[PDB]
């Protein structure tokens, strides 16, 4: 019960532009009051599979949202599927779906919901990953905590790029970050 994950296989579990068009590999490991997070993305099909900005200049970014309720349970309006998001057992999941993961949630005082109080940048982490493992193919991964509505908690991943890529497959290197846990 110290690790919440997608499993490490490559079976599509995520819907960006069309049903199960991607594998988001996300591993959350509870190190007390901090969650250690490891993420990568493979797109297998649809609009974001093969990037061509000569042909499609406007395709420059997309977002993957994980929305959670009071008990830390993934809501079905998330881009990530509920089917294999669960606590770890081996290279797989526990047999039954979890009902509480509040200790894996981003801290609401650290990272508050939108309000008429001043909005601070500390609820964001920026990173850069590399498409196809090539050092001249950067894309920015921007992670934001608790800024979606219709949820108690949220983790959102925005992927974007500034280069004009021609036929570059969107599959990434891995990035590690952390965040402050709710409890």
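Positions refer to the first chain, counted from 1.
Stretches compared: 2 to 10, 173 to 181. Higher mean C-alpha B-factor in the entry: 2 to 10. Stretch comparison (145 to 153 versus 37 to 45) by mean CA B-factor in the PDB entry places 145 to 153 on top. Per the PDB record, 32 has a higher Cα B-factor than any other of 32, 133, 127, 138. Per the deposited record, the Cα B-factor of residue 117 falls in the highest third when ranked against the other modelled residues of its chain.
Residue 158: CA B factor lies in the lowest third for its chain, per the PDB record.
When all modelled residues of the chain are sorted by CA temperature factor, residue 25 is found within the lowest third.
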